[PDB]
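Printed here is input.cif (mmCIF, C-alpha atoms and all ligand atoms):
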data_coords
#
loop_
_atom_site.label_atom_id
_atom_site.label_comp_id
_atom_site.auth_asym_id
_atom_site.auth_seq_id
_atom_site.Cartn_x
_atom_site.Cartn_y
_atom_site.Cartn_z
CA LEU B 1 9.41 -39.16 54.88
CA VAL B 2 5.95 -39.44 53.30
CA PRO B 3 4.14 -42.76 52.64
CA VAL B 4 4.36 -44.10 49.13
CA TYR B 5 0.97 -44.61 47.42
CA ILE B 6 1.11 -47.08 44.53
CA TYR B 7 -1.18 -45.77 41.74
CA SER B 8 -1.70 -45.01 38.14
CA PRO B 9 -4.85 -44.81 35.97
CA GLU B 10 -3.93 -47.91 33.97
CA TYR B 11 -3.27 -49.88 37.14
CA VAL B 12 -6.66 -49.04 38.62
CA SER B 13 -8.44 -49.73 35.28
CA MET B 14 -6.70 -53.09 35.29
CA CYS B 15 -7.65 -54.00 38.89
CA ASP B 16 -11.22 -52.82 38.21
CA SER B 17 -11.65 -55.74 35.78
CA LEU B 18 -11.56 -58.43 38.56
CA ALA B 19 -14.98 -60.03 38.15
CA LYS B 20 -15.45 -60.59 41.92
CA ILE B 21 -14.79 -56.97 42.97
CA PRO B 22 -15.86 -54.95 39.90
CA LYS B 23 -14.87 -51.26 40.15
CA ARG B 24 -13.62 -51.69 43.74
CA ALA B 25 -10.22 -50.26 42.92
CA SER B 26 -11.73 -47.02 41.54
CA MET B 27 -14.06 -46.73 44.47
CA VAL B 28 -11.16 -46.95 46.94
CA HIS B 29 -8.93 -44.51 45.10
CA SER B 30 -11.85 -42.18 44.47
CA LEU B 31 -12.75 -41.89 48.16
CA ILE B 32 -9.07 -41.47 49.05
CA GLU B 33 -8.92 -38.57 46.48
CA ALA B 34 -12.22 -37.09 47.66
CA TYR B 35 -10.66 -36.62 51.13
CA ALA B 36 -7.46 -35.23 49.53
CA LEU B 37 -5.11 -37.77 51.17
CA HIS B 38 -3.26 -38.35 47.88
CA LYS B 39 -1.86 -34.78 48.11
CA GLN B 40 -0.05 -35.93 51.28
CA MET B 41 1.60 -39.08 49.79
CA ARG B 42 4.16 -39.84 47.12
CA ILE B 43 2.40 -41.38 44.12
CA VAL B 44 4.55 -44.03 42.43
CA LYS B 45 3.70 -45.74 39.18
CA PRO B 46 3.66 -49.54 39.59
CA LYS B 47 5.81 -51.58 37.25
CA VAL B 48 4.42 -54.71 35.54
CA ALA B 49 6.11 -57.85 36.91
CA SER B 50 8.18 -59.86 34.42
CA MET B 51 8.02 -63.63 34.04
CA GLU B 52 11.26 -64.15 35.98
CA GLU B 53 10.11 -61.81 38.75
CA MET B 54 6.94 -63.89 39.24
CA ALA B 55 9.16 -66.94 38.98
CA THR B 56 10.88 -65.97 42.22
CA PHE B 57 8.00 -67.88 43.84
CA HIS B 58 5.75 -69.38 41.18
CA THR B 59 6.79 -72.39 39.04
CA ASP B 60 7.53 -71.78 35.40
CA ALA B 61 4.94 -74.46 34.44
CA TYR B 62 2.19 -72.73 36.46
CA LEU B 63 3.06 -69.34 34.98
CA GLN B 64 3.02 -70.58 31.36
CA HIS B 65 -0.30 -72.35 31.91
CA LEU B 66 -1.62 -69.07 33.34
CA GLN B 67 -0.34 -67.18 30.32
CA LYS B 68 -1.88 -69.71 27.91
CA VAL B 69 -5.46 -69.85 29.20
CA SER B 70 -5.30 -66.04 29.46
CA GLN B 71 -5.68 -65.97 25.65
CA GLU B 72 -8.30 -68.75 25.39
CA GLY B 73 -10.31 -67.12 28.23
CA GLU B 74 -4.11 -78.95 37.56
CA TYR B 75 -3.24 -75.37 38.51
CA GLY B 76 -6.37 -74.82 40.63
CA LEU B 77 -8.17 -72.72 38.00
CA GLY B 78 -11.68 -73.96 38.95
CA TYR B 79 -14.83 -72.57 40.52
CA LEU B 80 -13.08 -69.98 42.73
CA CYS B 81 -10.41 -69.09 40.12
CA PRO B 82 -11.95 -69.37 36.65
CA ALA B 83 -9.70 -68.94 33.60
CA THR B 84 -11.00 -65.61 32.21
CA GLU B 85 -9.27 -63.72 29.37
CA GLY B 86 -6.50 -61.32 30.43
CA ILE B 87 -6.04 -62.94 33.86
CA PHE B 88 -2.25 -63.28 33.35
CA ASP B 89 -1.95 -59.50 32.74
CA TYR B 90 -4.12 -58.66 35.74
CA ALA B 91 -1.83 -60.94 37.84
CA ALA B 92 1.43 -59.44 36.50
CA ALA B 93 0.09 -55.91 37.27
CA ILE B 94 -0.76 -56.71 40.87
CA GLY B 95 2.49 -58.62 41.48
CA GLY B 96 4.48 -55.78 39.89
CA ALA B 97 2.66 -53.28 42.06
CA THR B 98 3.52 -55.10 45.31
CA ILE B 99 7.16 -55.52 44.18
CA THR B 100 7.39 -51.82 43.36
CA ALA B 101 6.15 -50.94 46.84
CA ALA B 102 8.81 -53.36 48.25
CA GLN B 103 11.47 -51.64 46.15
CA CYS B 104 10.44 -48.19 47.47
CA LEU B 105 10.91 -49.46 51.04
CA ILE B 106 14.30 -50.99 50.17
CA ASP B 107 15.52 -47.70 48.69
CA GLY B 108 14.45 -45.77 51.77
CA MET B 109 12.10 -43.61 49.69
CA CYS B 110 9.65 -44.10 52.60
CA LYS B 111 8.87 -46.08 55.77
CA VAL B 112 5.33 -47.04 54.60
CA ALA B 113 4.24 -48.10 51.10
CA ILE B 114 0.58 -48.73 50.08
CA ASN B 115 -0.81 -51.15 47.46
CA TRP B 116 -4.51 -51.42 48.30
CA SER B 117 -5.20 -53.67 45.26
CA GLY B 118 -2.69 -56.31 46.40
CA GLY B 119 -2.90 -58.84 49.23
CA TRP B 120 -3.80 -62.05 47.32
CA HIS B 121 -2.72 -64.41 50.01
CA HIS B 122 -4.13 -67.83 48.97
CA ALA B 123 -2.14 -68.49 45.78
CA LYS B 124 0.46 -71.34 45.93
CA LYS B 125 3.69 -71.79 43.96
CA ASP B 126 1.98 -74.02 41.39
CA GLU B 127 -1.73 -73.36 41.94
CA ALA B 128 -4.35 -70.63 41.94
CA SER B 129 -6.66 -70.60 44.96
CA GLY B 130 -9.54 -68.58 46.40
CA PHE B 131 -9.66 -65.84 43.72
CA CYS B 132 -5.83 -65.48 44.00
CA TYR B 133 -3.92 -66.20 40.77
CA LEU B 134 -0.54 -64.93 41.99
CA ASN B 135 0.82 -64.50 45.49
CA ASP B 136 1.90 -60.85 45.52
CA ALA B 137 2.40 -60.85 49.28
CA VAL B 138 5.03 -63.62 48.86
CA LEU B 139 6.68 -61.74 45.95
CA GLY B 140 6.84 -58.57 48.11
CA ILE B 141 8.29 -60.46 51.11
CA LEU B 142 10.93 -62.11 48.89
CA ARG B 143 11.92 -58.68 47.57
CA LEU B 144 12.22 -57.14 51.06
CA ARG B 145 14.47 -60.08 52.01
CA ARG B 146 17.26 -58.60 49.87
CA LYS B 147 17.49 -55.80 52.43
CA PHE B 148 15.88 -56.83 55.69
CA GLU B 149 17.06 -59.84 57.65
CA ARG B 150 13.76 -60.82 59.35
CA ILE B 151 10.29 -60.08 57.88
CA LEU B 152 7.03 -60.18 59.81
CA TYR B 153 3.90 -60.84 57.71
CA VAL B 154 0.72 -59.96 59.45
CA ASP B 155 -2.59 -61.04 57.93
CA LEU B 156 -5.84 -59.51 59.18
CA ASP B 157 -8.07 -60.72 56.34
CA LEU B 158 -11.18 -62.73 57.40
CA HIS B 159 -9.50 -65.78 55.77
CA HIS B 160 -6.38 -67.68 56.81
CA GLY B 161 -3.33 -66.49 54.81
CA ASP B 162 -2.45 -70.10 53.88
CA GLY B 163 -0.53 -69.27 50.64
CA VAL B 164 1.89 -66.99 52.47
CA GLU B 165 2.20 -69.29 55.52
CA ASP B 166 2.91 -72.31 53.25
CA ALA B 167 5.47 -70.42 51.27
CA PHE B 168 7.49 -69.77 54.42
CA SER B 169 6.45 -72.70 56.58
CA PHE B 170 9.99 -74.16 56.64
CA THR B 171 11.96 -70.91 57.40
CA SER B 172 12.78 -68.84 60.46
CA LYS B 173 13.53 -65.72 58.37
CA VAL B 174 9.85 -64.80 57.91
CA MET B 175 7.29 -65.06 60.63
CA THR B 176 3.62 -65.24 59.56
CA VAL B 177 0.80 -64.20 61.85
CA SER B 178 -2.83 -64.61 60.77
CA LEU B 179 -6.02 -63.84 62.68
CA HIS B 180 -8.98 -65.40 60.90
CA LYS B 181 -12.26 -67.13 61.11
CA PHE B 182 -11.65 -70.84 61.78
CA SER B 183 -14.78 -73.00 61.60
CA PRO B 184 -15.80 -76.33 59.95
CA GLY B 185 -16.47 -75.78 56.27
CA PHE B 186 -15.03 -72.26 56.23
CA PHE B 187 -12.39 -71.51 53.57
CA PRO B 188 -9.56 -72.49 53.35
CA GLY B 189 -9.86 -74.73 56.45
CA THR B 190 -6.29 -74.36 57.76
CA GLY B 191 -4.75 -72.20 60.53
CA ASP B 192 -5.77 -73.77 63.83
CA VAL B 193 -3.75 -72.44 66.80
CA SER B 194 -1.68 -75.66 66.77
CA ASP B 195 -0.39 -74.91 63.26
CA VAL B 196 3.05 -73.43 63.97
CA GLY B 197 5.06 -74.18 60.84
CA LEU B 198 7.39 -77.15 60.18
CA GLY B 199 11.08 -78.17 60.29
CA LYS B 200 13.39 -75.18 60.82
CA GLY B 201 10.22 -73.04 60.60
CA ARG B 202 8.54 -74.61 63.63
CA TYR B 203 7.13 -71.81 65.84
CA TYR B 204 7.64 -69.25 63.09
CA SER B 205 3.99 -69.43 62.07
CA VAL B 206 1.31 -68.05 64.35
CA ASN B 207 -2.42 -68.66 63.88
CA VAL B 208 -5.22 -67.10 65.82
CA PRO B 209 -8.45 -68.90 65.11
CA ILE B 210 -11.54 -66.74 65.75
CA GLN B 211 -15.33 -67.29 65.72
CA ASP B 212 -18.21 -65.33 64.11
CA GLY B 213 -19.15 -61.90 65.45
CA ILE B 214 -15.85 -60.69 66.91
CA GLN B 215 -15.97 -56.90 67.48
CA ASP B 216 -13.41 -54.15 67.70
CA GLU B 217 -12.64 -54.31 71.47
CA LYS B 218 -11.90 -58.03 71.86
CA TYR B 219 -10.22 -58.13 68.44
CA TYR B 220 -7.74 -55.42 69.30
CA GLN B 221 -7.08 -57.14 72.68
CA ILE B 222 -6.13 -60.34 70.73
CA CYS B 223 -4.14 -58.57 68.13
CA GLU B 224 -2.18 -56.49 70.63
CA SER B 225 -1.47 -59.43 72.93
CA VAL B 226 -0.10 -61.45 69.99
CA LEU B 227 1.86 -58.70 68.30
CA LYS B 228 3.60 -57.59 71.52
CA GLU B 229 4.88 -61.18 72.01
CA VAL B 230 5.91 -61.54 68.35
CA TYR B 231 7.73 -58.28 68.33
CA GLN B 232 9.75 -59.21 71.48
CA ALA B 233 10.61 -62.79 70.34
CA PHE B 234 11.12 -62.30 66.66
CA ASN B 235 12.52 -58.75 66.43
CA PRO B 236 11.40 -58.10 62.83
CA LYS B 237 13.30 -55.68 60.55
CA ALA B 238 10.33 -55.02 58.16
CA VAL B 239 6.53 -55.71 58.22
CA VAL B 240 4.10 -56.75 55.44
CA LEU B 241 0.60 -56.05 56.51
CA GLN B 242 -2.51 -57.51 54.79
CA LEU B 243 -5.75 -55.66 55.70
CA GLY B 244 -8.57 -57.43 53.83
CA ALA B 245 -11.86 -55.66 54.62
CA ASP B 246 -14.01 -58.79 54.61
CA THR B 247 -13.92 -58.62 58.43
CA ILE B 248 -15.97 -55.40 58.33
CA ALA B 249 -19.58 -55.38 59.49
CA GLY B 250 -21.87 -55.36 56.39
CA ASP B 251 -19.66 -57.71 54.35
CA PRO B 252 -21.49 -60.48 52.50
CA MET B 253 -19.01 -62.97 54.13
CA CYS B 254 -21.31 -62.24 57.09
CA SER B 255 -18.73 -63.46 59.58
CA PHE B 256 -16.90 -60.89 61.77
CA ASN B 257 -18.43 -57.67 63.18
CA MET B 258 -15.53 -55.22 62.98
CA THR B 259 -15.30 -51.53 62.07
CA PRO B 260 -12.37 -49.77 60.49
CA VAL B 261 -11.60 -48.13 63.90
CA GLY B 262 -10.74 -51.55 65.48
CA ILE B 263 -8.61 -52.38 62.48
CA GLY B 264 -6.91 -49.01 62.54
CA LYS B 265 -5.84 -49.53 66.19
CA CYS B 266 -4.08 -52.71 65.09
CA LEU B 267 -2.44 -50.69 62.31
CA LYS B 268 -1.27 -47.94 64.71
CA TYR B 269 0.26 -50.54 67.02
CA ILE B 270 2.38 -51.77 64.14
CA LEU B 271 3.24 -48.35 62.85
CA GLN B 272 4.72 -47.32 66.23
CA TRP B 273 7.47 -49.93 65.71
CA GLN B 274 8.67 -47.50 63.06
CA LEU B 275 9.79 -50.26 60.67
CA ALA B 276 9.62 -50.51 56.90
CA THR B 277 5.97 -51.46 56.45
CA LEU B 278 4.40 -52.69 53.17
CA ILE B 279 0.60 -52.17 53.39
CA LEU B 280 -1.75 -54.40 51.27
CA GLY B 281 -5.53 -54.80 50.84
CA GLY B 282 -7.24 -58.17 50.12
CA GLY B 283 -10.83 -59.40 50.52
CA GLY B 284 -13.64 -56.95 50.87
CA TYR B 285 -16.95 -57.63 49.12
CA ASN B 286 -19.18 -54.78 50.33
CA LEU B 287 -17.54 -52.37 47.95
CA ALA B 288 -18.40 -48.99 49.56
CA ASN B 289 -17.58 -50.40 53.05
CA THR B 290 -14.20 -51.52 51.71
CA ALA B 291 -13.51 -48.06 50.35
CA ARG B 292 -14.73 -46.55 53.69
CA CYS B 293 -12.32 -48.91 55.49
CA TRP B 294 -9.19 -48.38 53.44
CA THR B 295 -9.81 -44.65 53.17
CA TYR B 296 -10.06 -44.47 56.97
CA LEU B 297 -6.89 -46.57 57.34
CA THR B 298 -5.13 -44.32 54.90
CA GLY B 299 -6.14 -41.44 57.25
CA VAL B 300 -4.62 -43.37 60.15
CA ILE B 301 -1.35 -43.87 58.32
CA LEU B 302 -1.10 -40.07 57.85
CA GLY B 303 -2.43 -39.19 61.32
CA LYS B 304 -5.29 -37.13 59.87
CA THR B 305 -8.82 -37.16 61.28
CA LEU B 306 -11.24 -37.35 58.37
CA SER B 307 -14.69 -35.81 58.17
CA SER B 308 -17.78 -37.91 58.97
CA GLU B 309 -19.68 -36.74 55.84
CA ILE B 310 -18.58 -38.50 52.64
CA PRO B 311 -17.50 -35.80 50.14
CA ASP B 312 -19.44 -35.60 46.90
CA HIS B 313 -17.43 -37.44 44.27
CA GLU B 314 -18.14 -40.01 41.57
CA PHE B 315 -19.46 -42.91 43.64
CA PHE B 316 -21.25 -40.71 46.11
CA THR B 317 -24.46 -42.58 45.26
CA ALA B 318 -22.92 -45.83 46.60
CA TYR B 319 -22.75 -44.34 50.16
CA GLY B 320 -26.51 -44.00 50.79
CA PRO B 321 -28.88 -44.00 52.45
CA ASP B 322 -26.85 -42.40 55.34
CA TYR B 323 -23.75 -40.96 53.58
CA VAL B 324 -21.29 -41.31 56.55
CA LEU B 325 -17.74 -42.78 56.90
CA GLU B 326 -18.40 -44.64 60.20
CA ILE B 327 -19.69 -48.17 60.00
CA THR B 328 -22.13 -49.41 62.59
CA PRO B 329 -21.65 -52.87 64.07
CA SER B 330 -24.45 -55.27 63.24
CA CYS B 331 -26.69 -56.95 65.85
CA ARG B 332 -25.08 -60.34 65.29
CA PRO B 333 -24.06 -62.36 68.38
CA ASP B 334 -20.40 -62.48 69.43
CA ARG B 335 -19.57 -66.21 69.51
CA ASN B 336 -16.09 -65.83 71.00
CA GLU B 337 -15.96 -67.24 74.57
CA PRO B 338 -13.47 -65.14 76.53
CA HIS B 339 -12.07 -68.28 78.19
CA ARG B 340 -11.33 -69.72 74.71
CA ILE B 341 -9.56 -66.52 73.57
CA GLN B 342 -7.43 -66.74 76.71
CA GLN B 343 -6.19 -70.33 76.00
CA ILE B 344 -5.41 -69.29 72.44
CA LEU B 345 -3.29 -66.34 73.59
CA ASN B 346 -1.49 -68.44 76.20
CA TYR B 347 -0.89 -71.25 73.67
CA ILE B 348 0.72 -68.72 71.32
CA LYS B 349 2.66 -67.15 74.18
CA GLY B 350 4.01 -70.67 74.93
CA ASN B 351 4.92 -71.28 71.29
CA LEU B 352 6.73 -67.99 71.03
CA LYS B 353 8.94 -68.84 74.04
CA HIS B 354 10.73 -71.13 71.55
CA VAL B 355 11.64 -68.16 69.36
CA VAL B 356 15.00 -66.62 70.32
CA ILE B 357 17.09 -64.68 67.82
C1 LIG B 401 -22.79 -75.13 47.64
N1 LIG B 401 -21.75 -74.57 46.77
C2 LIG B 401 -21.88 -74.90 45.35
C3 LIG B 401 -20.70 -73.70 47.29
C4 LIG B 401 -20.62 -73.41 48.75
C5 LIG B 401 -19.60 -72.58 49.28
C6 LIG B 401 -18.62 -71.93 48.42
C7 LIG B 401 -17.55 -71.01 49.03
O1 LIG B 401 -17.14 -71.28 49.90
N2 LIG B 401 -17.21 -69.86 48.38
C8 LIG B 401 -16.22 -68.81 48.73
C9 LIG B 401 -15.03 -69.24 49.62
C10 LIG B 401 -13.72 -68.60 49.14
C11 LIG B 401 -13.60 -67.12 49.43
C12 LIG B 401 -12.29 -66.79 50.14
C13 LIG B 401 -11.56 -65.70 49.36
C14 LIG B 401 -11.17 -64.48 50.20
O2 LIG B 401 -12.02 -63.65 50.54
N3 LIG B 401 -9.92 -64.30 50.57
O3 LIG B 401 -9.63 -63.31 51.25
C15 LIG B 401 -18.70 -72.18 46.99
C16 LIG B 401 -19.72 -73.05 46.44
FE FE B 402 -10.79 -62.89 52.71
K K B 403 -6.14 -63.49 58.18
K K B 404 7.82 -69.16 58.87
#
Any chance you could give the structure as structure tokens?
Amino acid sequence: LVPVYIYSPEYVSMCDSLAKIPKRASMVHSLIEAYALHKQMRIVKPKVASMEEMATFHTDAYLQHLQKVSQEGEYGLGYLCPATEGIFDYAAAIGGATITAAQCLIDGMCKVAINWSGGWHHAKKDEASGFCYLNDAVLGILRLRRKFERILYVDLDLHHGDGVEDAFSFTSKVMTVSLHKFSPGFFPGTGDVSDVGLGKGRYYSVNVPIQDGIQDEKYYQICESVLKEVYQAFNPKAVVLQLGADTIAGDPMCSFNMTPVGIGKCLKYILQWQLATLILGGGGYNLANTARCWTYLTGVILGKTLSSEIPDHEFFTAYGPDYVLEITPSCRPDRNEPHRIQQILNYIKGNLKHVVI
């Protein structure tokens, strides 16, 4: 049945307000519309998450503090997560949206559900972190757990998905896999290959640390090698996929050197498992590139090939001077030594030998 696309005008208007990615949500939706992909999906209106729904993960003290400062304009609300007005409502909308997508997958409405404005993977139970005020990925996973026995969370953002990993670090019911830049001084600083979870969750966390300038070919080789092993050991019943576009060449994070094609190959690999899959966005600070990326990936999900020329639509001006969908890799060096990538894969392959269902 057709992929669910989480959308309404109020939801987009809401997500547009996020001071770090102004108007990103409209740009993404607008490009998706321009290519007519929305005609081929089921549009579902996201519900706003209630206080008890957000309480499935977040502490009631954190939530009430969030609600309080959200009028005024120890819970990590500092430089990266300032206490702007309306932040509680923005957070409730995004959490509700991810939970709605989870609910669609639980009801069998679809096999794939999309919330491009979710994917806030740094937030902790009692603390905001790295622009993330609520952990919608965790909320979505917890909802899917009503139906599906084992959940795989895959995180392809530039940054380590520490909030999600930490939430599930002690359980064997959710396996977290994150590929990410791992370098001294680079946020959030966790996720070395030797981080594998703790207690009953030992070996149920996988981390692939990567260096600057990774490109599509070697990236997909890593991702495939890891996911094949995970799938065999862990046998997941549903997948939550985080696709932050801050890996994409041109991003001001200036770290990885990926194109949406390399990412999409990772996404196809997962889609061929034919499981319930909840698709989320995340980082992505070159706004037109992020819309190019997620539009392309939406094409992949629907097996359409999309035209090279960006259609005229509202933000057409943002796509100059060349006006094409493809992104060109930058000239930046690839700092990933193939011998190092090999040890990492083998290390993980070792770890996953301990996982038997
Ligand atoms: C010298 N100085 C005052 C600073 C230096 C570095 C940062 C920083 O790391 N900023 C951004 C790191 C967090 C972004 C990660 C969020 C994300 O994209 N998640 O996906 C801040 C201040
Ligand atoms: Fe990121
Ligand atoms: K990641
Ligand atoms: K785990």
- Task: Would you list the residues that come within 10 Å of ligand FE 402 (chain B)? Count only C-alpha atoms and all ligand atoms and give the answer as a ChimeraX atom specification.
- Result: /B:119-122,130-131,155-161,180-181,187-188,243-247,253,281-285
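Each of B:320, B:96, B:236, B:78 was compared to residue 54 (chain B) using only C-alpha atoms, and B:96 turns out to be the nearest.
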Write out as JSON an axis-aligned box for region 113-123 of chain B: all of its atoms listed in the file, 8 Å added on each side, centre and edge lengths in Å with one decimal.
{"center_x": -0.5, "center_y": -58.3, "center_z": 48.2, "size_x": 25.4, "size_y": 36.4, "size_z": 21.8}
Residues within 9 Å of residue 305 (chain B), all atoms listed in the file, excluding chain neighbours under 4 positions, as a tab-separated table (two decimals) with C-alpha atoms, in the frame of the given file:
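Result saved to selection.tsv:
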chain	number	residue	atom	x	y	z
B	296	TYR	CA	-10.06	-44.47	56.97
B	299	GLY	CA	-6.14	-41.44	57.25
B	300	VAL	CA	-4.62	-43.37	60.15
- Which protein, DNA or RNA residues have an atom within 12 Å of ligand K 404 (chain B), counting all atoms listed in the file, as a ChimeraX atom specification? /B:138,141,150-154,162-178,195-207,234,355
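Restricting the calculation to all atoms listed in the file, the smallest distance between ligand LIG 401 (chain B) and any of B:241, B:324, B:49, B:21 is found for B:21.
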- Gap from CA of residue 292 (chain B) to CA of residue 135 (chain B) - Å, one decimal: 25.1 Å
- Message: Here's a test: counting only C-alpha atoms, identify every protein, DNA and RNA residue with an atom at most 10 Å from (-3.7, -77.1, 39.6) in the file's coordinate frame, and state them as a PyMOL selection string.
- Response: chain B and resi 62+65+74-78+124+126-129
Residues from the last selection, C-alpha atoms, saved as an mmCIF file, keeping the file's coordinate frame:
data_model
loop_
_atom_site.group_PDB
_atom_site.id
_atom_site.type_symbol
_atom_site.label_atom_id
_atom_site.label_comp_id
_atom_site.auth_asym_id
_atom_site.auth_seq_id
_atom_site.Cartn_x
_atom_site.Cartn_y
_atom_site.Cartn_z
ATOM 1 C CA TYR B 62 2.190 -72.730 36.460
ATOM 2 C CA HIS B 65 -0.300 -72.350 31.910
ATOM 3 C CA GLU B 74 -4.110 -78.950 37.560
ATOM 4 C CA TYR B 75 -3.240 -75.370 38.510
ATOM 5 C CA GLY B 76 -6.370 -74.820 40.630
ATOM 6 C CA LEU B 77 -8.170 -72.720 38.000
ATOM 7 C CA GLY B 78 -11.680 -73.960 38.950
ATOM 8 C CA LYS B 124 0.460 -71.340 45.930
ATOM 9 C CA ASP B 126 1.980 -74.020 41.390
ATOM 10 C CA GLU B 127 -1.730 -73.360 41.940
ATOM 11 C CA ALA B 128 -4.350 -70.630 41.940
ATOM 12 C CA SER B 129 -6.660 -70.600 44.960
#
- Message: With distances taken over all atoms listed in the file, which residue among B:57, B:79, B:133, B:116 lies nearest residue 279 (chain B)?
- Response: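 Counting all atoms listed in the file, the residue closest to residue 279 (chain B) is B:116.
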- For residue 268 (chain B), which residue among B:80, B:87, B:302, B:1 is the nearest when counting only C-alpha atoms? B:302
- Task: Have a look at B:213, B:3, B:303, B:264 and name the one nearest to residue 330 (chain B); count only C-alpha atoms.
- Result: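 Under the stated criterion, the closest residue is B:213.
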- What separation in Å, quoted to one decimal, exists between CA of residue 338 (chain B) and CA of residue 258 (chain B)? 16.9 Å
